[PDB]
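Comments concern the structure below.
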Ligand SMILES: Cc1cc(-c2cc(CS(C)(=O)=O)cnc2Oc2ccc(F)cc2F)n2cc[nH]c(=O)c12
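Residue numbers (the authors' numbering): 42 to 168.
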């Protein structure tokens, strides 16, 4: 029932980096997913109390959401782009585990996941 604390977006002891790939993930990949018509449920941690989903955090043990990912990109929380990509893949996998196929939320996540994959199919490089 209770909402756990949301995932950290800053850690003074974690080594940070900004790469061109990470800057792209923020400016292009995240901000394009953000504006999609299906993005709104994924823009903040799932509020199990508001939604009356006391089982949500009983089943989902590594929560993740694009709002968290956004703040992590903006705080250069990540070391490389694959760390970020893994937060996206965790967010989608969470949705498919907790829900069932055909659910409206699942249809939303599948659409987002395909757009996301289009956008990271080609990332930039550094010289
Ligand atoms: C990942 C995620 C996000 C949400 C969700 C989040 C918010 C925003 S907040 C501040 O209240 O948490 C509102 N409604 C939601 O549920 C929906 C339920 C039907 C639907 F068609 C569209 C939804 F967005 N849910 C709900 C159930 N399962 C999930 O995996 C899930």
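Ideal placement from N, C-alpha and C gives every residue a C-beta, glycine not left out.
Spatial distance of residue i from residue j (CA atoms)
i	j	result
residue 78	residue 156	12 Å
residue 96	residue 167	44 Å
residue 107	residue 143	22 Å
residue 147	residue 137	6 Å
residue 59	residue 120	7 Å
residue 44	residue 85	13 Å
residue 76	residue 82	12 Å
Buried versus exposed, by CB contacts within 10 Å (16 or more), residue i
i	result
residue 62	buried
residue 92	exposed
residue 135	buried
residue 158	exposed
residue 100	exposed
Unbroken alpha helix (DSSP H) run spanning residue i, endpoints
i	result
residue 109	107-115
residue 75	72-76
residue 126	122-139
residue 119	Run containing residue 119: none; DSSP gives neither H nor E here.
residue 67	Where residue 67 is concerned, there is no enclosing alpha helix (DSSP H), given that its DSSP letter is neither H nor E.
C-beta atoms of residue i and residue j nearer than 8 Å
i	j	result
residue 98	residue 57	no
residue 50	residue 109	yes
residue 160	residue 87	no
residue 153	residue 65	no
residue 53	residue 104	no
residue 133	residue 150	yes
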